[PDB]
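Remarks on the structure that follows.
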Amino acid sequence: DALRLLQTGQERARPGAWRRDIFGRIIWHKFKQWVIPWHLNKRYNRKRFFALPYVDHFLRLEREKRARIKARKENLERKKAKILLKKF
Amino acid sequence: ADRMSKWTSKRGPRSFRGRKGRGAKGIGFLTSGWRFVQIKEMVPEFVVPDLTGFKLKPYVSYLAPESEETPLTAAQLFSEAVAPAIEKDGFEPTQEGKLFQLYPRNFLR
Amino acid sequence: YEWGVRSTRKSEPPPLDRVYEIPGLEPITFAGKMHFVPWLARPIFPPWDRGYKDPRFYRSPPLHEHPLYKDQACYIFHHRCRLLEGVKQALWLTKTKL
Amino acid sequence: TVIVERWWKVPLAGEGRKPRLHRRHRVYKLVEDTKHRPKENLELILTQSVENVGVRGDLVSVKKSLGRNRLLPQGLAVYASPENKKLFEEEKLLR
Amino acid sequence: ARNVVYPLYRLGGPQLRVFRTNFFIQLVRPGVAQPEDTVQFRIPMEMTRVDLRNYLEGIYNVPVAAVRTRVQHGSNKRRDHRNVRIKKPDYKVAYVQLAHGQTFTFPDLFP
Amino acid sequence: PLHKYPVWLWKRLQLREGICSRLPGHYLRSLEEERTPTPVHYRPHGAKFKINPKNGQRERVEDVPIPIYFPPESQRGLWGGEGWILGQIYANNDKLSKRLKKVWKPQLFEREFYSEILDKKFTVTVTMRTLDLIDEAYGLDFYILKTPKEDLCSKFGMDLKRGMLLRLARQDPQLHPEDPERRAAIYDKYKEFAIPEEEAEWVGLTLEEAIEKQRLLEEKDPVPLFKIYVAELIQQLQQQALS
Amino acid sequence: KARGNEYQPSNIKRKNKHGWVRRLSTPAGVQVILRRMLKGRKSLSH
Amino acid sequence: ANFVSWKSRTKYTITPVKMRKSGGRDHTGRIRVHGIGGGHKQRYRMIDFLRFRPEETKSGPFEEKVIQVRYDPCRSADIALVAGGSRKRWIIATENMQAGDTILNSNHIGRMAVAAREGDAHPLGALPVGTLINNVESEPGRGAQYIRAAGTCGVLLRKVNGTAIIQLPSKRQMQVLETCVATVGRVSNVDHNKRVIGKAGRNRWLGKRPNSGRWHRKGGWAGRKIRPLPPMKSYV
RNA sequence: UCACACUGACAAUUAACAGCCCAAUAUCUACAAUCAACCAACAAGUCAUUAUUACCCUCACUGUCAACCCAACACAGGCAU
RNA sequence: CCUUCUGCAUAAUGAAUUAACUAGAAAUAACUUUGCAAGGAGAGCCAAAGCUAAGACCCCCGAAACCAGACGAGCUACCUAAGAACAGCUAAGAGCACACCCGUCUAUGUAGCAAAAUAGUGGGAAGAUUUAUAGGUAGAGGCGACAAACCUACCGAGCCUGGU
RNA sequence: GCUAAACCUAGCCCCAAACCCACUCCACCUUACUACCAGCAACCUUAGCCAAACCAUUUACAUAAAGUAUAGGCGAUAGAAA
Ligand SMILES: [Mg+2]
Ligand SMILES: [Mg+2]
Ligand SMILES: [Mg+2]
Ligand SMILES: [Mg+2]
Ligand SMILES: [Mg+2]
Ligand SMILES: [Mg+2]
Ligand SMILES: [Mg+2]
Ligand SMILES: [Mg+2]
Ligand SMILES: [Mg+2]
Ligand SMILES: [Mg+2]
Ligand SMILES: [Mg+2]
Ligand SMILES: [Mg+2]
Ligand SMILES: [Mg+2]
Ligand SMILES: [Mg+2]
Ligand SMILES: [Mg+2]
Ligand SMILES: [Mg+2]
Ligand SMILES: [Mg+2]
Ligand SMILES: [Mg+2]
């Protein structure tokens, strides 16, 4: 890593880039290494990368579930601290 | 009819059984008449040196001292290899046609 | 009349984006990225060709560009050639007697 | 191109928030249409020698069909603007 | 190595090198008494036949003649209090055969 | 457990988040403007008030637009301020009858225009209202330059306007070589616009297109740290010797 | 006849009728997989 | 759904093409024609309807010769290979079209009539009045688009200026240009209408499912209609 | 523990059988099989290649067990070559 | 015992006990008592003794059934491609008869072997025949040698989701 | 006395407050957890149950003005601003 940083200043040996799949979640797409370019590969052309608008509802639902889990954990920690204070 | 059963080569039919397979890592290819071609260039060659007169051993002695941990960084390597910078009072910027390119992982391990 | 159905033939390419008909700005497309996207106009890539040669992946030259090409409409015969007439055709092509 | 009127009348919703419509408000009523109307003859000045129907440098009430098919595309006339009008006035005064 | 991307050899590329091997190997006792000069080996999944041949010839210099590998299936008929299946780790097995009739015997321990 | 902002503010939140924040200021201002459209499918009441019958008393009224539809053909072809009206109608214009849905459509044509700023003929599916507007504007270029963003509603028209603005701002030889007088006269014919080149690029571009342009602009691959370290060492040597 | 035996197992037909490719070709399967992931099931599809 | 029609061939060929049965289904999968599907396998034979067609580096009239007369399972009219020059092709077999017979394929419209035989093909501008013809073309260089079935025959009526009023077998007149190509004689395989199917086995083998079992009520359209002959359909 | 196929470790099942498979350009296969020669017939039928360019390294991977599959059961039931 | 109904042990339904869960949320107005009064209430509302504030009053389970999109031809109906099967005997969409396809009838079974089984008498068994593999036809639909039959055990139109 | 009976702590609901997560190593749109080679993909008035004892037009998505105007098979109902 030090040699690579001093030779080109590039992070992470394996190259890559961020992309948006169908689910919409920002996934770090991994390069598979090919021989032919991308503007003519039949298989890679099928691997589209877009989430479309209707997935916004599912994204909002996932965000709400995560927020609910976080609030539950926060209330749990608060109740634990309150019980600990009550014990002493 | 099992969702928890991880799909593998011991499940599907002959076609998918022979197609998928375990981590085989294609080393060659087929030539029409079911005649596989073993590319000598794609076959790995374990570069094992001679272990003659080796000083160290796979186990250390507790009597040895203890030193602090300091992950090596780029700044330290640059400060170490600072001969021409001081002599000013050689570098490989572009390495696209190099043997073992750095940024594009072309060398194994 | 002509053979070959349109549906079976190669599908007609899509219509070129109208942004290219505005001589002349920088048509922003997804060429910078490396994946198909609905929005953003479609780019136009150049003709790519491999440098080194490959045995299994080799494209021969056209029918005219060759190291030797004769214009005389020659004809060759082999075992698979099934004549029509038979004896008379062979006698004519050989100039012999039966 | 097709004028349309609303049914049930909007119940008014001030000016800040948008007017919350309803499924009944979707109903419409055709009141009038742009087409099916007596057309008008736009004014166009000619730039070259045209048939007896017109004269060089003489604004006339030309029809829309011809003005859009032959005159304007071929540059034989120009819209009744103030700039070209002043240019034609100067050309006439130059006589 | 294992679990590492390999450099795709196009056509006029250099010979593939493998420095600092990752995967390992280990022999076991014959199951139903194998023939003479026939050593067994438990190889992981990411490993072929010529791979093991070169591995041995380079590390232990054992004159390996022929090799015949195969994959074994792990048990899975067992459930805990949660009623969840447990699939044991799978592994590949090989049957290396020495050359020159060296005649090797599996040594025993715990006398 | 609840959110911090409403549901109709996530758009602005994302716009102010990161990459959308680095965008220019004029683009964000034009996007946030959101002006009202021009009346087309409804008589716009001039006076704000109107004395309704059955009672001589003034009342406040407004003009609500008609939820118009914009199919892809409207964005691909220069269409006026009209489109596909999606609504419902009774039988004989009486609520006492049945209710049935209805969808109107405009009248399309195929004319051949010729713009002087671009010097090229096109074949666009123009309508009658668009032709009337072009005739009233005393030129297709004037009609394209007068209609703002949300008033023209069409990606092709926005691209044409952006190209015309870029051409008027560049003021370089390109129109008619070996004819500087003609180019000068053409530029003089249109002088009430000419947006600067900095603001002329972000004209009509969509959100995704603008983000892509911004990404391509400030790309800049990671510079090797070797040059930075060499510069730091040079600065250190300077501070040690000179100063 | 015996109506308690209708299942004819076949990995080919199973994966062709309920496969990741078939579930991602159309937006229907996309929404199905999204709802499944939202529910929290272990297996998303065969 | 995935449905690629077998009709996919560029260059004309003599070998039988592997025919893929349809079954009254469209590209989607739904049935559009009741009574089709389930029969005997068949191999399509590429036929060349355009009789007159000069081969490469040719233009003037050419001669041909019949070699064999075979049966065609696709249509009801038998066919017969006819080679000529330096190529071969299939064409409709006319009545009394024995093998080893020479056939002419002219085109130059002569001044006077031409006593055409039974196999030769000449344009309508050189055919006597009142002569049976078949494989009539709708326009010059179009191809046989009408008479072609077995036992069919088109009698010539008259000519006007530069056209010819043809009388189809259904008593429906039609006028076409006089410079178009046509064929004399009638199609072979005579007496095909009298073919006794005998049993349902042959009908099922031919590839035709039976009719539905619904007892439909004969509407008003099930009455005897005596309409007059329609007007002459021209194509000038 | 009807007595145990129940609970934890042991290791199997090693390819030669089958799968994993074809470089391009113009280009062409009229006489079915039925002991196919006598006898022929209708439902008209499953199997082929020509010239040029470039190609020379060769044994990699998967399946291999059982009293076994689908029927809530250890099921007089259903299953092709 | 409870409920119904003019009428009950009635032979009208409910019920084996035990532990847990389980079925009246409030309204213009009205009644009682507090505080001030032609005024009170912490803007707004009511005033020919009025208002403010408090107290007190509006049950549960139960269908058939519709909408929009998913899931469904691995069994059933049809179609498509390439394959497989049909002893023998008498002698042609011929006849008997193996395998094989379906089950007109008896008997057993009826919480059984089976949420559709066991034997023969049964029709065919070189042809409108059966079947191994894959793909296509999905409900306002598909298919249908019409049985208005089938479309995953219940299809006069299968289930789910959200309106319910 | 066999069978039984109780423990209460992990965690849950409300808002009160901030706006959240997201690549160590290989693998994942072809048959998902498959190192490898020549071709179209986007924007759509929601319906319906129910109440008028049926049901078609109809039926909902800080305070005061005000449940007023107004609309409504002018009946069941709906219902704003200055
Ligand atoms: Mg059962
Ligand atoms: Mg076995
Ligand atoms: Mg009671
Ligand atoms: Mg009661
Ligand atoms: Mg009573
Ligand atoms: Mg009783
Ligand atoms: Mg009083
Ligand atoms: Mg089936
Ligand atoms: Mg049937
Ligand atoms: Mg009976
Ligand atoms: Mg009984
Ligand atoms: Mg019968
Ligand atoms: Mg029989
Ligand atoms: Mg028999
Ligand atoms: Mg239903
Ligand atoms: Mg109700
Ligand atoms: Mg009602
Ligand atoms: Mg207000």
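In the structure tokens, the first chain shown is A, the next is B, and so on; residue numbers restart at 1 for each chain, and ligands run from 1 in the order shown.
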Protein and nucleic acid residues within 12 Å of ligand 17 (only C-alpha atoms (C1' of nucleotides) and all ligand atoms) as a PDB file with C-alpha atoms (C1' of nucleotides), in the first residue's frame:
ATOM      1  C1'   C K  49     -66.122  -1.065  -0.278  1.00  0.00           C
ATOM      2  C1'   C K  50     -69.504   1.722   2.202  1.00  0.00           C
ATOM      3  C1'   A K  51     -74.240   6.023   3.143  1.00  0.00           C
ATOM      4  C1'   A K  52     -78.355   8.001   0.955  1.00  0.00           C
ATOM      5  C1'   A K  53     -82.020   1.678   3.832  1.00  0.00           C
ATOM      6  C1'   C K  54     -81.084  -0.186  -4.039  1.00  0.00           C
ATOM      7  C1'   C K  55     -77.857   2.734  -6.597  1.00  0.00           C
ATOM      8  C1'   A K  56     -75.550   5.483 -11.926  1.00  0.00           C
ATOM      9  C1'   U K  58     -72.198  11.863  -5.262  1.00  0.00           C
ATOM     10  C1'   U K  59     -68.984   9.497   0.053  1.00  0.00           C
ATOM     11  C1'   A K  76     -77.732  11.881   1.588  1.00  0.00           C
TER      12        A K  76
END
May I ask you to extract the residues of chain C within 9 Å of chain A, using only C-alpha atoms, and to give them as a PyMOL selection string?
chain C and resi 31+34-38+45+48+50
Need to verify the contact set: segment 37-46 of chain D, 9 Å, only C-alpha atoms (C1' of nucleotides), exclusion of same-chain residues closer than 3 positions in sequence. Can you return it as an mmCIF file with N, CA, C and O atoms, in the first residue's frame?
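Writing the result to around.cif gives the following:
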data_model
loop_
_atom_site.group_PDB
_atom_site.id
_atom_site.type_symbol
_atom_site.label_atom_id
_atom_site.label_comp_id
_atom_site.auth_asym_id
_atom_site.auth_seq_id
_atom_site.Cartn_x
_atom_site.Cartn_y
_atom_site.Cartn_z
ATOM 1 N N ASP D 33 -62.591 25.417 -28.846
ATOM 2 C CA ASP D 33 -61.394 24.846 -29.446
ATOM 3 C C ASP D 33 -60.726 25.891 -30.326
ATOM 4 O O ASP D 33 -61.403 26.668 -31.005
ATOM 5 N N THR D 34 -59.391 25.909 -30.305
ATOM 6 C CA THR D 34 -58.649 26.857 -31.132
ATOM 7 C C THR D 34 -59.029 26.709 -32.600
ATOM 8 O O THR D 34 -59.407 27.685 -33.259
ATOM 9 N N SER D 49 -39.714 40.053 -56.373
ATOM 10 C CA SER D 49 -40.830 40.224 -57.296
ATOM 11 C C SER D 49 -41.711 38.982 -57.248
ATOM 12 O O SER D 49 -41.328 37.918 -57.748
ATOM 13 N N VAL D 50 -42.889 39.115 -56.651
ATOM 14 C CA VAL D 50 -43.828 38.018 -56.523
ATOM 15 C C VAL D 50 -44.966 38.243 -57.513
ATOM 16 O O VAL D 50 -45.118 39.319 -58.086
ATOM 17 N N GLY D 54 -49.058 40.221 -55.130
ATOM 18 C CA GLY D 54 -48.287 41.089 -54.268
ATOM 19 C C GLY D 54 -47.300 41.911 -55.072
ATOM 20 O O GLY D 54 -47.109 41.697 -56.271
ATOM 21 N N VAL D 55 -46.671 42.863 -54.382
ATOM 22 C CA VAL D 55 -45.701 43.761 -54.992
ATOM 23 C C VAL D 55 -44.517 43.914 -54.049
ATOM 24 O O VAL D 55 -44.655 43.817 -52.826
ATOM 25 N N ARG D 56 -43.343 44.155 -54.631
ATOM 26 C CA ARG D 56 -42.133 44.327 -53.838
ATOM 27 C C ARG D 56 -42.282 45.512 -52.894
ATOM 28 O O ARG D 56 -42.688 46.604 -53.303
ATOM 29 N N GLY D 57 -41.950 45.292 -51.622
ATOM 30 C CA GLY D 57 -42.034 46.340 -50.625
ATOM 31 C C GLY D 57 -43.437 46.889 -50.464
ATOM 32 O O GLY D 57 -43.650 48.102 -50.557
ATOM 33 N N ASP D 58 -44.403 46.004 -50.220
ATOM 34 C CA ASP D 58 -45.796 46.414 -50.048
ATOM 35 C C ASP D 58 -46.469 45.386 -49.142
ATOM 36 O O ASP D 58 -46.810 44.289 -49.591
ATOM 37 N N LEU D 59 -46.653 45.750 -47.875
ATOM 38 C CA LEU D 59 -47.296 44.849 -46.928
ATOM 39 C C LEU D 59 -48.733 44.569 -47.353
ATOM 40 O O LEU D 59 -49.472 45.474 -47.745
ATOM 41 N N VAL D 60 -49.125 43.296 -47.273
ATOM 42 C CA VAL D 60 -50.464 42.862 -47.647
ATOM 43 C C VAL D 60 -50.893 41.735 -46.720
ATOM 44 O O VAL D 60 -50.067 41.045 -46.116
ATOM 45 N N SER D 61 -52.207 41.552 -46.614
ATOM 46 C CA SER D 61 -52.780 40.510 -45.765
ATOM 47 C C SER D 61 -52.679 39.180 -46.500
ATOM 48 O O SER D 61 -53.525 38.849 -47.335
ATOM 49 N N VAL D 62 -51.642 38.412 -46.190
ATOM 50 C CA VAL D 62 -51.411 37.117 -46.819
ATOM 51 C C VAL D 62 -52.008 36.028 -45.940
ATOM 52 O O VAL D 62 -52.137 36.180 -44.721
ATOM 53 N N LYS D 63 -52.376 34.914 -46.566
ATOM 54 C CA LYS D 63 -52.933 33.786 -45.840
ATOM 55 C C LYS D 63 -51.834 33.030 -45.100
ATOM 56 O O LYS D 63 -50.640 33.190 -45.369
ATOM 57 N N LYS D 64 -52.257 32.191 -44.153
ATOM 58 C CA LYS D 64 -51.299 31.425 -43.361
ATOM 59 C C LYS D 64 -50.689 30.291 -44.176
ATOM 60 O O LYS D 64 -49.484 30.029 -44.081
ATOM 61 N N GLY D 67 -48.104 31.674 -46.772
ATOM 62 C CA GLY D 67 -47.045 32.323 -46.018
ATOM 63 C C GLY D 67 -46.136 31.346 -45.303
ATOM 64 O O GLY D 67 -44.934 31.594 -45.172
ATOM 65 N N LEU D 71 -43.645 31.372 -48.981
ATOM 66 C CA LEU D 71 -43.044 32.680 -48.743
ATOM 67 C C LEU D 71 -41.975 32.624 -47.658
ATOM 68 O O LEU D 71 -40.788 32.812 -47.942
ATOM 69 N N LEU D 72 -42.383 32.368 -46.415
ATOM 70 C CA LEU D 72 -41.435 32.420 -45.302
ATOM 71 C C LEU D 72 -40.297 31.422 -45.456
ATOM 72 O O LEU D 72 -39.133 31.813 -45.260
ATOM 73 N N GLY D 75 -37.709 32.561 -47.925
ATOM 74 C CA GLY D 75 -37.189 33.892 -47.691
ATOM 75 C C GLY D 75 -37.775 34.965 -48.578
ATOM 76 O O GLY D 75 -37.213 36.061 -48.661
ATOM 77 N N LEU D 76 -38.895 34.685 -49.247
ATOM 78 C CA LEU D 76 -39.522 35.673 -50.116
ATOM 79 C C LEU D 76 -40.243 36.767 -49.340
ATOM 80 O O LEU D 76 -40.656 37.761 -49.947
ATOM 81 N N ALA D 77 -40.404 36.614 -48.028
ATOM 82 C CA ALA D 77 -41.082 37.613 -47.216
ATOM 83 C C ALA D 77 -40.519 37.564 -45.803
ATOM 84 O O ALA D 77 -39.798 36.637 -45.429
ATOM 85 N N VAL D 78 -40.861 38.585 -45.017
ATOM 86 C CA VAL D 78 -40.409 38.697 -43.637
ATOM 87 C C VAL D 78 -41.588 39.118 -42.773
ATOM 88 O O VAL D 78 -42.520 39.783 -43.238
ATOM 89 N N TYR D 79 -41.544 38.722 -41.503
ATOM 90 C CA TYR D 79 -42.621 39.047 -40.579
ATOM 91 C C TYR D 79 -42.745 40.557 -40.410
ATOM 92 O O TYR D 79 -41.777 41.307 -40.569
ATOM 93 N N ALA D 80 -43.959 41.004 -40.082
ATOM 94 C CA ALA D 80 -44.245 42.425 -39.898
ATOM 95 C C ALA D 80 -43.617 42.887 -38.586
ATOM 96 O O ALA D 80 -44.273 43.019 -37.550
ATOM 97 N N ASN D 84 -37.576 45.540 -39.865
ATOM 98 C CA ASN D 84 -37.747 45.457 -41.310
ATOM 99 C C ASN D 84 -38.674 46.550 -41.821
ATOM 100 O O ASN D 84 -38.508 47.027 -42.949
ATOM 101 N N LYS D 85 -39.644 46.973 -41.007
ATOM 102 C CA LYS D 85 -40.512 48.079 -41.404
ATOM 103 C C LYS D 85 -39.712 49.366 -41.559
ATOM 104 O O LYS D 85 -39.882 50.103 -42.537
ATOM 105 N N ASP F 135 -44.766 32.600 -35.450
ATOM 106 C CA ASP F 135 -45.110 33.692 -36.356
ATOM 107 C C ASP F 135 -45.263 35.006 -35.600
ATOM 108 O O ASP F 135 -44.857 36.064 -36.094
#
At a cut-off of 12 Å, using only C-alpha atoms (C1' of nucleotides), what residues contact residue 3 of chain G? Leave out same-chain residues fewer than 3 positions from it and give the result as a list in words.
residues 6 and 7 of chain G; 70, 71, 77 and 78 of chain I; 75, 76, 114, 115, 116, 152 and 153 of chain J
Selection from above, N, CA and C atoms (P, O5', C5', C4', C3', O3' and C1' of nucleotides), as a PDB file, in the first residue's frame, can you write it?
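Saved as again.pdb:
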ATOM      1  N   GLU G   6     -48.824 -34.223  -7.103  1.00  0.00           N
ATOM      2  CA  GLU G   6     -48.740 -33.342  -8.264  1.00  0.00           C
ATOM      3  C   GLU G   6     -47.335 -32.823  -8.521  1.00  0.00           C
ATOM      4  N   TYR G   7     -46.434 -32.924  -7.551  1.00  0.00           N
ATOM      5  CA  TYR G   7     -45.116 -32.312  -7.641  1.00  0.00           C
ATOM      6  C   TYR G   7     -44.210 -33.212  -8.471  1.00  0.00           C
TER       7      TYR G   7
ATOM      8  P     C I  70     -38.654 -36.147  -2.365  1.00  0.00           P
ATOM      9  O5'   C I  70     -40.120 -36.064  -2.980  1.00  0.00           O
ATOM     10  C5'   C I  70     -40.427 -35.142  -4.016  1.00  0.00           C
ATOM     11  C4'   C I  70     -41.834 -35.334  -4.522  1.00  0.00           C
ATOM     12  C3'   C I  70     -42.923 -35.359  -3.459  1.00  0.00           C
ATOM     13  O3'   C I  70     -43.333 -34.064  -3.055  1.00  0.00           O
ATOM     14  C1'   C I  70     -43.214 -37.190  -4.922  1.00  0.00           C
ATOM     15  P     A I  71     -44.122 -33.866  -1.670  1.00  0.00           P
ATOM     16  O5'   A I  71     -45.358 -34.862  -1.791  1.00  0.00           O
ATOM     17  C5'   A I  71     -46.113 -35.232  -0.647  1.00  0.00           C
ATOM     18  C4'   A I  71     -47.268 -36.127  -1.015  1.00  0.00           C
ATOM     19  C3'   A I  71     -47.977 -36.809   0.146  1.00  0.00           C
ATOM     20  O3'   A I  71     -48.919 -35.969   0.790  1.00  0.00           O
ATOM     21  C1'   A I  71     -47.527 -38.399  -1.542  1.00  0.00           C
ATOM     22  P     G I  77     -49.225 -50.286  -4.351  1.00  0.00           P
ATOM     23  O5'   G I  77     -49.764 -48.787  -4.321  1.00  0.00           O
ATOM     24  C5'   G I  77     -51.142 -48.501  -4.509  1.00  0.00           C
ATOM     25  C4'   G I  77     -51.373 -47.028  -4.736  1.00  0.00           C
ATOM     26  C3'   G I  77     -50.573 -46.397  -5.868  1.00  0.00           C
ATOM     27  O3'   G I  77     -51.161 -46.599  -7.143  1.00  0.00           O
ATOM     28  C1'   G I  77     -50.376 -45.060  -3.935  1.00  0.00           C
ATOM     29  P     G I  78     -50.250 -47.020  -8.399  1.00  0.00           P
ATOM     30  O5'   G I  78     -49.511 -45.672  -8.815  1.00  0.00           O
ATOM     31  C5'   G I  78     -50.202 -44.643  -9.511  1.00  0.00           C
ATOM     32  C4'   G I  78     -49.285 -43.497  -9.855  1.00  0.00           C
ATOM     33  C3'   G I  78     -47.991 -43.870 -10.565  1.00  0.00           C
ATOM     34  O3'   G I  78     -48.159 -44.047 -11.961  1.00  0.00           O
ATOM     35  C1'   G I  78     -47.509 -42.408  -8.773  1.00  0.00           C
TER      36        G I  78
ATOM     37  P     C J  75     -46.042 -32.533 -14.466  1.00  0.00           P
ATOM     38  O5'   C J  75     -47.309 -32.658 -13.509  1.00  0.00           O
ATOM     39  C5'   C J  75     -47.908 -33.918 -13.246  1.00  0.00           C
ATOM     40  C4'   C J  75     -49.406 -33.798 -13.115  1.00  0.00           C
ATOM     41  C3'   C J  75     -50.145 -33.321 -14.355  1.00  0.00           C
ATOM     42  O3'   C J  75     -50.382 -34.360 -15.291  1.00  0.00           O
ATOM     43  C1'   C J  75     -50.899 -32.103 -12.476  1.00  0.00           C
ATOM     44  P     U J  76     -50.592 -34.019 -16.847  1.00  0.00           P
ATOM     45  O5'   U J  76     -52.062 -33.410 -16.912  1.00  0.00           O
ATOM     46  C5'   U J  76     -53.179 -34.149 -16.440  1.00  0.00           C
ATOM     47  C4'   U J  76     -54.368 -33.257 -16.185  1.00  0.00           C
ATOM     48  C3'   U J  76     -54.880 -32.474 -17.384  1.00  0.00           C
ATOM     49  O3'   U J  76     -55.706 -33.245 -18.238  1.00  0.00           O
ATOM     50  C1'   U J  76     -54.688 -31.026 -15.531  1.00  0.00           C
ATOM     51  P     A J 114     -53.068 -44.900   4.892  1.00  0.00           P
ATOM     52  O5'   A J 114     -53.586 -44.227   3.543  1.00  0.00           O
ATOM     53  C5'   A J 114     -52.670 -43.677   2.606  1.00  0.00           C
ATOM     54  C4'   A J 114     -53.354 -43.302   1.315  1.00  0.00           C
ATOM     55  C3'   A J 114     -54.503 -42.313   1.429  1.00  0.00           C
ATOM     56  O3'   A J 114     -54.063 -40.967   1.505  1.00  0.00           O
ATOM     57  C1'   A J 114     -55.149 -44.126   0.050  1.00  0.00           C
ATOM     58  P     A J 115     -54.528 -40.009   2.711  1.00  0.00           P
ATOM     59  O5'   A J 115     -55.548 -38.992   2.028  1.00  0.00           O
ATOM     60  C5'   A J 115     -56.889 -39.373   1.758  1.00  0.00           C
ATOM     61  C4'   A J 115     -57.766 -38.175   1.488  1.00  0.00           C
ATOM     62  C3'   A J 115     -57.424 -37.358   0.252  1.00  0.00           C
ATOM     63  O3'   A J 115     -57.937 -37.924  -0.942  1.00  0.00           O
ATOM     64  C1'   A J 115     -57.759 -35.906   2.087  1.00  0.00           C
ATOM     65  P     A J 116     -57.138 -37.775  -2.328  1.00  0.00           P
ATOM     66  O5'   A J 116     -57.371 -39.173  -3.053  1.00  0.00           O
ATOM     67  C5'   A J 116     -57.043 -40.392  -2.396  1.00  0.00           C
ATOM     68  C4'   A J 116     -57.825 -41.558  -2.947  1.00  0.00           C
ATOM     69  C3'   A J 116     -57.480 -41.957  -4.382  1.00  0.00           C
ATOM     70  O3'   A J 116     -57.559 -43.375  -4.537  1.00  0.00           O
ATOM     71  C1'   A J 116     -59.770 -41.382  -4.248  1.00  0.00           C
ATOM     72  P     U J 152     -54.120 -23.446 -10.359  1.00  0.00           P
ATOM     73  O5'   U J 152     -53.953 -24.447  -9.132  1.00  0.00           O
ATOM     74  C5'   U J 152     -54.909 -25.476  -8.900  1.00  0.00           C
ATOM     75  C4'   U J 152     -54.350 -26.579  -8.035  1.00  0.00           C
ATOM     76  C3'   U J 152     -53.838 -26.140  -6.663  1.00  0.00           C
ATOM     77  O3'   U J 152     -54.118 -27.149  -5.694  1.00  0.00           O
ATOM     78  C1'   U J 152     -52.087 -27.171  -7.863  1.00  0.00           C
ATOM     79  P     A J 153     -55.337 -26.963  -4.664  1.00  0.00           P
ATOM     80  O5'   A J 153     -55.938 -28.431  -4.517  1.00  0.00           O
ATOM     81  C5'   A J 153     -56.511 -29.102  -5.635  1.00  0.00           C
ATOM     82  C4'   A J 153     -57.267 -30.336  -5.212  1.00  0.00           C
ATOM     83  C3'   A J 153     -58.405 -30.086  -4.227  1.00  0.00           C
ATOM     84  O3'   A J 153     -59.468 -31.009  -4.464  1.00  0.00           O
ATOM     85  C1'   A J 153     -56.796 -31.503  -3.228  1.00  0.00           C
TER      86        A J 153
END
Residues at most 12 Å from segment 51-57 of chain F, counting only C-alpha atoms (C1' of nucleotides), excluding those fewer than 3 positions away in the same chain, as a PyMOL selection string?
(chain F and resi 47-48+60-61) or (chain K and resi 69-70)
Within 12 Å of residue 61 of chain C, counting only C-alpha atoms (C1' of nucleotides), which residues qualify if same-chain residues fewer than 2 places away don't, as a VMD selection string?
(chain C and resid 58 to 59 63 to 67) or (chain I and resid 24 to 25 52 to 54)
Could you give me, as a ChimeraX atom specification, every polymer residue with an atom at most 12 Å away from an atom of ligand 11, counting only C-alpha atoms (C1' of nucleotides) and all ligand atoms?
/J:108-110,112
Surroundings of ligand 2 up to 12 Å, based on only C-alpha atoms (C1' of nucleotides) and all ligand atoms, as a VMD selection string
chain I and resid 13 63 to 66 68
Which residues are near ligand 7 - at most 10 Å, using only C-alpha atoms (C1' of nucleotides) and all ligand atoms? Format: as number ranges by chain.
J: 48-50
Spatial neighbours of residue 66 of chain E, 8 Å, only C-alpha atoms (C1' of nucleotides), chain gap at least 4 places, as JSON, numbers by chain:
{"E": [96, 97, 98]}
Save the residues we just selected, C-alpha atoms, as a short mmCIF file (atom, residue, chain, number, x, y, z; two decimals), in the first residue's frame?
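Listed below is the output, selection_17.cif:
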data_model
loop_
_atom_site.label_atom_id
_atom_site.label_comp_id
_atom_site.auth_asym_id
_atom_site.auth_seq_id
_atom_site.Cartn_x
_atom_site.Cartn_y
_atom_site.Cartn_z
CA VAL E 96 -1.05 -38.72 -4.71
CA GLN E 97 1.11 -41.59 -5.95
CA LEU E 98 4.88 -41.41 -5.56
#
